[PDB]
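Below: the structure, in structure tokens.
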Amino acid sequence: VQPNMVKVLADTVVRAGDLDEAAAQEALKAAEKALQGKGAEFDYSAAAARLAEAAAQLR
Amino acid sequence: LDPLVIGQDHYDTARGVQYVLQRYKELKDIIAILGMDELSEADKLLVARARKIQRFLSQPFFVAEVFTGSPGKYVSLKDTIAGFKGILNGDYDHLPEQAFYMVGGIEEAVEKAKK
Amino acid sequence: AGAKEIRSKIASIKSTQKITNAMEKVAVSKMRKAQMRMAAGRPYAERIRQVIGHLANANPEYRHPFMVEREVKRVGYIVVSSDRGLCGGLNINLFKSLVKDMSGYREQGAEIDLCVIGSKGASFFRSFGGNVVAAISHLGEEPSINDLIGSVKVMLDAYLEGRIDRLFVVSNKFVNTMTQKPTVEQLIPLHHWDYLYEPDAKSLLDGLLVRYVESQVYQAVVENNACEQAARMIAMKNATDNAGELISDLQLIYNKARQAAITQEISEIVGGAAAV
């Protein structure tokens, strides 16, 4: 509130710990894992370059 | 193939099958390039019915038992009309596509689906 | 070879060209639907930022952990990606920028945690070995902010527990209908009258900041959807144009085959008539 303006910064759904925690546990559970990769791979760059050049031949 | 020679029910069933098959022919090439999921709700439903109709047109013949291994089937005009009207009207949208191939009358498709 | 099969190829490609031309207009319509949803989210976030800025200045006695930087070796990223394909380089250019910035931290000896939105991002980390800590996928073309609560909370708790030192969101920015720019944006490390602060000003801050980060992630997700439809419009325009070239090449081959068939038939008619 202000002397010449009023704002209600609403919520789409009730925000409470019992509802809030279930979504976080589901996000942790939904993280599919098949291989424990180091994240230090160089392959990302080779495949990115391969596809980026292919996308240029397409136009 | 005239309503004054075969009646309106047979004529409409025959033209209904032809309309569905003609529409599927122009959608077939799209699915091969973009896939079935890129089509509309109406097209997805129509393609499933067209593939069922296409298989329900098949029939084992007594003179062909030497090639097919399975026994021959004789299907009357009323049984034929009832089967195509049911597939066109959606009475078999729940049956799998494979249930209509080489069976005979429409009840044989219902029985094959359970196997 | 035969003039019959060439006509079938021309018809097959012409049927395909008709639907790719239709999909371009569909992508534009969905792009306009996304642009109005981007504009509808702006009046909330700008007011929360205005309130946060005033409260943090009016109450110097408290500084929320999000407003102070810890110079340590562990970082987090929220990656926004599409679920569907048919995009003219949208995910490829984004992953290229992600890998470019991630390498700076890998080389500086810092560890990295990842949060993933969309099936294309999940497939990239699943195939290359990324250590994803939270994931979500198959969201609608019109996403709801309540679906983001879980994925954002997992990333916020890790910062509050001191496990993450800095958090960034990676997504595409809508520069104009023809241009989508891949970007990495920081999140967590953010008139002379006071409010009455009915509940504790410190308590209000601890709540308003969480709503601000979620509103930034939601705006990034909605803007990425507008970029996805713009990338799809361009991709279907190019697919329509490439089909036109294939039709043109086949038409020249067909005309050459048409002329050869008439010439051969006349050779056979003249040859047979000369022997009779």
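As shown in the structure tokens, the chain order sets the letters A, B, ...; within each chain, residues go from 1, and ligands are also counted from 1 in the order they appear.
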Next item on the list: Extract, using only C-alpha atoms, all DNA, RNA and protein residues at most 12 Å from residue 42 in chain A, discarding same-chain residues fewer than 5 positions from it, and format them as a VMD selection string.
Entry: (chain A and resid 37 47 to 49) or (chain C and resid 96 99 to 100 102 to 103 106 128 to 129)
Notebook entry, point to check: What residues in chain A have any atom no more than 9 Å from chain C when counting only C-alpha atoms, and can you write them as a VMD selection string?
Noted result: chain A and resid 1 to 2 7 9 to 10 12 to 13 20 to 41 43 to 45 48 to 49 51 to 52 55 58 to 59
Each residue of chain B with at least one atom at most 10 Å from chain C should appear once, together with its nearest atom pair and the corresponding distance in Å (one decimal); atoms considered: only C-alpha atoms; ordering: chain, then increasing residue number; output as a tab-separated table.
residue	atom	partner	partner_atom	distance
B:26	CA	C:15	CA	7.1
B:27	CA	C:15	CA	8.4
B:28	CA	C:12	CA	9.4
B:29	CA	C:12	CA	6.1
B:30	CA	C:16	CA	5.8
B:31	CA	C:16	CA	9.5
B:32	CA	C:16	CA	9.8
B:33	CA	C:16	CA	7.8
B:34	CA	C:16	CA	9.0
B:38	CA	C:23	CA	9.6
B:39	CA	C:19	CA	9.8
With N, CA and C atoms retained, could you export that selection as a CSV table (one decimal), in the first residue's frame?
chain,number,residue,atom,x,y,z
B,26,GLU,N,-3.4,-39.5,-49.0
B,26,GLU,CA,-2.7,-38.2,-49.0
B,26,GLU,C,-2.1,-37.8,-47.7
B,27,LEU,N,-2.4,-38.6,-46.6
B,27,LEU,CA,-1.8,-38.4,-45.2
B,27,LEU,C,-0.6,-39.4,-45.0
B,28,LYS,N,-0.5,-40.5,-45.7
B,28,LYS,CA,0.5,-41.5,-45.7
B,28,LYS,C,1.9,-41.0,-45.9
B,29,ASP,N,2.1,-40.1,-46.9
B,29,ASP,CA,3.4,-39.5,-47.2
B,29,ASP,C,3.9,-38.5,-46.1
B,30,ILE,N,3.0,-37.9,-45.4
B,30,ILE,CA,3.3,-36.9,-44.4
B,30,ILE,C,3.9,-37.6,-43.1
B,31,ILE,N,3.2,-38.7,-42.7
B,31,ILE,CA,3.6,-39.6,-41.6
B,31,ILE,C,5.1,-40.1,-41.8
B,32,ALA,N,5.4,-40.5,-43.0
B,32,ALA,CA,6.7,-41.0,-43.3
B,32,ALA,C,7.9,-40.0,-43.2
B,33,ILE,N,7.5,-38.7,-43.3
B,33,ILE,CA,8.5,-37.6,-43.2
B,33,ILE,C,8.5,-36.9,-41.8
B,34,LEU,N,7.3,-36.6,-41.2
B,34,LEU,CA,7.2,-35.9,-39.9
B,34,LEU,C,6.7,-36.7,-38.7
B,38,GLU,N,2.7,-35.4,-35.4
B,38,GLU,CA,2.6,-34.1,-36.0
B,38,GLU,C,1.2,-33.8,-36.6
B,39,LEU,N,0.3,-34.8,-36.7
B,39,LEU,CA,-1.0,-34.6,-37.3
B,39,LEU,C,-2.1,-34.1,-36.3
Hey, what does DSSP flag as strand (DSSP E) within range 27-206 of chain C? Can you give it to me as a PDB file with N, CA and C atoms, in the first residue's frame?
ATOM      1  N   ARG C  74      31.957 -23.973  -6.068  1.00  0.00           N
ATOM      2  CA  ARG C  74      30.832 -24.827  -6.539  1.00  0.00           C
ATOM      3  C   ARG C  74      29.700 -23.972  -7.112  1.00  0.00           C
ATOM      4  N   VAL C  75      29.172 -24.325  -8.284  1.00  0.00           N
ATOM      5  CA  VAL C  75      28.147 -23.531  -9.002  1.00  0.00           C
ATOM      6  C   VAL C  75      26.967 -24.373  -9.482  1.00  0.00           C
ATOM      7  N   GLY C  76      25.819 -23.736  -9.706  1.00  0.00           N
ATOM      8  CA  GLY C  76      24.595 -24.368 -10.193  1.00  0.00           C
ATOM      9  C   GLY C  76      24.032 -23.703 -11.453  1.00  0.00           C
ATOM     10  N   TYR C  77      23.360 -24.475 -12.307  1.00  0.00           N
ATOM     11  CA  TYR C  77      22.727 -23.977 -13.533  1.00  0.00           C
ATOM     12  C   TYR C  77      21.327 -24.549 -13.745  1.00  0.00           C
ATOM     13  N   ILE C  78      20.380 -23.703 -14.150  1.00  0.00           N
ATOM     14  CA  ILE C  78      19.029 -24.102 -14.545  1.00  0.00           C
ATOM     15  C   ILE C  78      19.061 -24.004 -16.064  1.00  0.00           C
ATOM     16  N   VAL C  79      18.846 -25.109 -16.766  1.00  0.00           N
ATOM     17  CA  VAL C  79      18.893 -25.159 -18.226  1.00  0.00           C
ATOM     18  C   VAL C  79      17.489 -25.318 -18.789  1.00  0.00           C
ATOM     19  N   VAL C  80      17.063 -24.387 -19.643  1.00  0.00           N
ATOM     20  CA  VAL C  80      15.749 -24.417 -20.289  1.00  0.00           C
ATOM     21  C   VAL C  80      15.923 -24.925 -21.715  1.00  0.00           C
ATOM     22  N   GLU C 111      33.324 -27.247  -8.971  1.00  0.00           N
ATOM     23  CA  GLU C 111      32.321 -28.293  -9.203  1.00  0.00           C
ATOM     24  C   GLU C 111      31.006 -27.683  -9.733  1.00  0.00           C
ATOM     25  N   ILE C 112      30.203 -28.447 -10.484  1.00  0.00           N
ATOM     26  CA  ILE C 112      28.958 -27.947 -11.098  1.00  0.00           C
ATOM     27  C   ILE C 112      27.743 -28.861 -10.871  1.00  0.00           C
ATOM     28  N   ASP C 113      26.598 -28.282 -10.500  1.00  0.00           N
ATOM     29  CA  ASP C 113      25.297 -28.952 -10.317  1.00  0.00           C
ATOM     30  C   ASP C 113      24.323 -28.474 -11.414  1.00  0.00           C
ATOM     31  N   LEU C 114      23.476 -29.353 -11.966  1.00  0.00           N
ATOM     32  CA  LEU C 114      22.550 -28.975 -13.047  1.00  0.00           C
ATOM     33  C   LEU C 114      21.077 -29.274 -12.763  1.00  0.00           C
ATOM     34  N   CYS C 115      20.207 -28.346 -13.146  1.00  0.00           N
ATOM     35  CA  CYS C 115      18.753 -28.441 -13.088  1.00  0.00           C
ATOM     36  C   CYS C 115      18.275 -28.380 -14.545  1.00  0.00           C
ATOM     37  N   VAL C 116      17.378 -29.270 -14.974  1.00  0.00           N
ATOM     38  CA  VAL C 116      16.980 -29.358 -16.389  1.00  0.00           C
ATOM     39  C   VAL C 116      15.480 -29.290 -16.648  1.00  0.00           C
ATOM     40  N   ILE C 117      15.081 -28.406 -17.557  1.00  0.00           N
ATOM     41  CA  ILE C 117      13.697 -28.218 -18.003  1.00  0.00           C
ATOM     42  C   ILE C 117      13.633 -28.584 -19.494  1.00  0.00           C
ATOM     43  N   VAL C 132      22.810 -34.216 -13.435  1.00  0.00           N
ATOM     44  CA  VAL C 132      21.543 -33.526 -13.139  1.00  0.00           C
ATOM     45  C   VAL C 132      21.013 -33.873 -11.741  1.00  0.00           C
ATOM     46  N   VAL C 133      20.692 -32.848 -10.943  1.00  0.00           N
ATOM     47  CA  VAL C 133      20.176 -32.979  -9.566  1.00  0.00           C
ATOM     48  C   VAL C 133      18.658 -32.833  -9.474  1.00  0.00           C
ATOM     49  N   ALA C 134      18.027 -32.193 -10.456  1.00  0.00           N
ATOM     50  CA  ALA C 134      16.582 -31.991 -10.533  1.00  0.00           C
ATOM     51  C   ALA C 134      16.164 -31.846 -11.999  1.00  0.00           C
ATOM     52  N   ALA C 135      15.033 -32.431 -12.385  1.00  0.00           N
ATOM     53  CA  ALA C 135      14.555 -32.370 -13.759  1.00  0.00           C
ATOM     54  C   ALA C 135      13.027 -32.343 -13.878  1.00  0.00           C
ATOM     55  N   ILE C 136      12.526 -31.732 -14.952  1.00  0.00           N
ATOM     56  CA  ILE C 136      11.102 -31.629 -15.295  1.00  0.00           C
ATOM     57  C   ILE C 136      10.966 -31.632 -16.826  1.00  0.00           C
ATOM     58  N   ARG C 166      26.988 -19.848  -6.501  1.00  0.00           N
ATOM     59  CA  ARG C 166      26.311 -18.983  -7.487  1.00  0.00           C
ATOM     60  C   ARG C 166      25.341 -19.830  -8.318  1.00  0.00           C
ATOM     61  N   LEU C 167      24.194 -19.270  -8.702  1.00  0.00           N
ATOM     62  CA  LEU C 167      23.188 -19.948  -9.526  1.00  0.00           C
ATOM     63  C   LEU C 167      22.871 -19.112 -10.772  1.00  0.00           C
ATOM     64  N   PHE C 168      22.832 -19.755 -11.939  1.00  0.00           N
ATOM     65  CA  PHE C 168      22.533 -19.142 -13.234  1.00  0.00           C
ATOM     66  C   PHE C 168      21.397 -19.860 -13.966  1.00  0.00           C
ATOM     67  N   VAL C 169      20.671 -19.153 -14.830  1.00  0.00           N
ATOM     68  CA  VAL C 169      19.619 -19.704 -15.695  1.00  0.00           C
ATOM     69  C   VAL C 169      20.060 -19.530 -17.142  1.00  0.00           C
ATOM     70  N   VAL C 170      20.013 -20.609 -17.918  1.00  0.00           N
ATOM     71  CA  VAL C 170      20.421 -20.651 -19.323  1.00  0.00           C
ATOM     72  C   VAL C 170      19.196 -20.828 -20.214  1.00  0.00           C
ATOM     73  N   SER C 171      18.926 -19.853 -21.083  1.00  0.00           N
ATOM     74  CA  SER C 171      17.769 -19.844 -21.992  1.00  0.00           C
ATOM     75  C   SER C 171      17.939 -18.845 -23.144  1.00  0.00           C
ATOM     76  N   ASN C 172      17.017 -18.870 -24.105  1.00  0.00           N
ATOM     77  CA  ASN C 172      17.032 -17.980 -25.263  1.00  0.00           C
ATOM     78  C   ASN C 172      16.221 -16.696 -25.027  1.00  0.00           C
ATOM     79  N   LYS C 173      16.747 -15.562 -25.496  1.00  0.00           N
ATOM     80  CA  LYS C 173      16.131 -14.233 -25.411  1.00  0.00           C
ATOM     81  C   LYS C 173      15.518 -13.861 -26.756  1.00  0.00           C
ATOM     82  N   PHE C 174      14.297 -13.344 -26.744  1.00  0.00           N
ATOM     83  CA  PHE C 174      13.563 -12.945 -27.941  1.00  0.00           C
ATOM     84  C   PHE C 174      13.998 -11.543 -28.399  1.00  0.00           C
ATOM     85  N   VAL C 175      15.053 -11.453 -29.209  1.00  0.00           N
ATOM     86  CA  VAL C 175      15.571 -10.164 -29.706  1.00  0.00           C
ATOM     87  C   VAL C 175      14.587  -9.535 -30.702  1.00  0.00           C
ATOM     88  N   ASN C 176      14.096 -10.325 -31.652  1.00  0.00           N
ATOM     89  CA  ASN C 176      13.090  -9.984 -32.663  1.00  0.00           C
ATOM     90  C   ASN C 176      12.563 -11.304 -33.259  1.00  0.00           C
ATOM     91  N   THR C 179      15.385 -13.412 -34.719  1.00  0.00           N
ATOM     92  CA  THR C 179      16.582 -13.644 -33.888  1.00  0.00           C
ATOM     93  C   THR C 179      16.309 -14.113 -32.457  1.00  0.00           C
ATOM     94  N   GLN C 180      16.880 -15.256 -32.085  1.00  0.00           N
ATOM     95  CA  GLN C 180      16.831 -15.831 -30.741  1.00  0.00           C
ATOM     96  C   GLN C 180      18.271 -15.856 -30.229  1.00  0.00           C
ATOM     97  N   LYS C 181      18.579 -15.207 -29.103  1.00  0.00           N
ATOM     98  CA  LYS C 181      19.954 -15.153 -28.568  1.00  0.00           C
ATOM     99  C   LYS C 181      20.128 -16.059 -27.350  1.00  0.00           C
ATOM    100  N   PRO C 182      21.024 -17.057 -27.369  1.00  0.00           N
ATOM    101  CA  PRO C 182      21.258 -17.930 -26.224  1.00  0.00           C
ATOM    102  C   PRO C 182      22.023 -17.156 -25.153  1.00  0.00           C
ATOM    103  N   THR C 183      21.573 -17.194 -23.898  1.00  0.00           N
ATOM    104  CA  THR C 183      22.216 -16.446 -22.806  1.00  0.00           C
ATOM    105  C   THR C 183      22.266 -17.210 -21.493  1.00  0.00           C
ATOM    106  N   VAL C 184      23.267 -16.870 -20.683  1.00  0.00           N
ATOM    107  CA  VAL C 184      23.488 -17.387 -19.332  1.00  0.00           C
ATOM    108  C   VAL C 184      23.308 -16.171 -18.429  1.00  0.00           C
ATOM    109  N   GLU C 185      22.327 -16.191 -17.534  1.00  0.00           N
ATOM    110  CA  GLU C 185      22.017 -15.065 -16.654  1.00  0.00           C
ATOM    111  C   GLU C 185      22.064 -15.465 -15.178  1.00  0.00           C
ATOM    112  N   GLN C 186      22.754 -14.683 -14.352  1.00  0.00           N
ATOM    113  CA  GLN C 186      22.855 -14.938 -12.918  1.00  0.00           C
ATOM    114  C   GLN C 186      21.520 -14.653 -12.210  1.00  0.00           C
TER     115      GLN C 186
END
Item checked: Residue neighbourhood residue 105 in chain B, 10 Å, only C-alpha atoms, exclusion window fewer than 5 positions, as a list in words -> residues 56, 59, 73, 74, 75, 76, 79, 80, 82, 83, 100 and 110 of chain B
Next item on the list: Report the residues of chain B whose backbone DSSP state falls under alpha helix (DSSP H), written as a VMD selection string.
Entry: chain B and resid 3 to 6 8 to 34 41 to 56 65 to 68 77 to 89 106 to 113
Output the selection as a short mmCIF file (atom, residue, chain, number, x, y, z; two decimals), in the first residue's frame - C-alpha atoms for each residue.
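Output file result_27.cif is given in full below:
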data_model
loop_
_atom_site.label_atom_id
_atom_site.label_comp_id
_atom_site.auth_asym_id
_atom_site.auth_seq_id
_atom_site.Cartn_x
_atom_site.Cartn_y
_atom_site.Cartn_z
CA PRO B 3 -28.77 -46.67 -54.96
CA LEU B 4 -31.62 -47.79 -57.30
CA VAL B 5 -29.87 -51.22 -57.75
CA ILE B 6 -28.33 -51.90 -54.25
CA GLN B 8 -28.89 -46.44 -49.98
CA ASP B 9 -27.33 -48.33 -46.98
CA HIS B 10 -24.93 -50.45 -49.13
CA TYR B 11 -24.17 -47.47 -51.44
CA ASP B 12 -23.38 -45.13 -48.48
CA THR B 13 -21.19 -47.84 -46.82
CA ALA B 14 -19.22 -48.36 -50.07
CA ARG B 15 -18.73 -44.58 -50.64
CA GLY B 16 -17.85 -44.12 -46.92
CA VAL B 17 -15.01 -46.71 -47.16
CA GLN B 18 -13.72 -45.08 -50.39
CA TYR B 19 -13.76 -41.57 -48.82
CA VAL B 20 -11.71 -42.76 -45.77
CA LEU B 21 -9.17 -44.65 -47.94
CA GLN B 22 -8.79 -41.71 -50.40
CA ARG B 23 -8.12 -39.29 -47.47
CA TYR B 24 -5.60 -41.70 -45.87
CA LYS B 25 -3.62 -41.97 -49.19
CA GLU B 26 -2.73 -38.21 -49.01
CA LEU B 27 -1.77 -38.41 -45.25
CA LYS B 28 0.50 -41.53 -45.66
CA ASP B 29 3.41 -39.53 -47.20
CA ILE B 30 3.28 -36.91 -44.36
CA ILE B 31 3.64 -39.56 -41.59
CA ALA B 32 6.74 -41.01 -43.33
CA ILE B 33 8.49 -37.55 -43.15
CA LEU B 34 7.18 -35.86 -39.91
CA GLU B 41 -6.83 -34.95 -33.60
CA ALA B 42 -9.18 -35.75 -36.53
CA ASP B 43 -6.33 -37.04 -38.78
CA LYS B 44 -4.90 -39.31 -35.99
CA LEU B 45 -8.35 -40.92 -35.49
CA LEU B 46 -9.03 -41.24 -39.25
CA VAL B 47 -5.61 -42.89 -39.94
CA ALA B 48 -6.34 -45.59 -37.32
CA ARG B 49 -9.77 -46.34 -38.94
CA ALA B 50 -8.26 -46.37 -42.47
CA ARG B 51 -5.58 -48.93 -41.40
CA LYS B 52 -8.32 -51.12 -39.80
CA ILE B 53 -10.58 -50.91 -42.94
CA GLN B 54 -7.56 -51.76 -45.16
CA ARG B 55 -6.98 -54.98 -43.09
CA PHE B 56 -10.69 -55.90 -42.76
CA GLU B 65 -5.36 -72.91 -47.91
CA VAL B 66 -2.19 -74.33 -49.62
CA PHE B 67 -0.59 -70.81 -49.35
CA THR B 68 -2.11 -69.43 -46.10
CA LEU B 77 -23.25 -59.26 -48.08
CA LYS B 78 -25.12 -58.34 -44.80
CA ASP B 79 -22.15 -59.45 -42.63
CA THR B 80 -19.82 -57.43 -44.95
CA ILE B 81 -21.98 -54.24 -44.71
CA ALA B 82 -22.37 -54.53 -40.90
CA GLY B 83 -18.57 -54.95 -40.42
CA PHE B 84 -17.60 -51.90 -42.52
CA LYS B 85 -20.41 -49.73 -40.96
CA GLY B 86 -19.10 -50.62 -37.46
CA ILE B 87 -15.44 -49.72 -38.27
CA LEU B 88 -16.56 -46.44 -40.00
CA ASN B 89 -18.86 -45.49 -37.04
CA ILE B 106 -16.48 -58.89 -38.03
CA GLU B 107 -17.07 -61.18 -34.98
CA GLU B 108 -13.83 -63.03 -35.89
CA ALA B 109 -11.90 -59.71 -35.41
CA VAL B 110 -13.47 -59.29 -31.91
CA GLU B 111 -12.47 -62.90 -31.08
CA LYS B 112 -8.92 -62.56 -32.57
CA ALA B 113 -8.28 -59.37 -30.50
#
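Computed from the coordinates, the CA of residue 52 in chain C to CA of residue 199 in chain C distance equals 15.3 Å.
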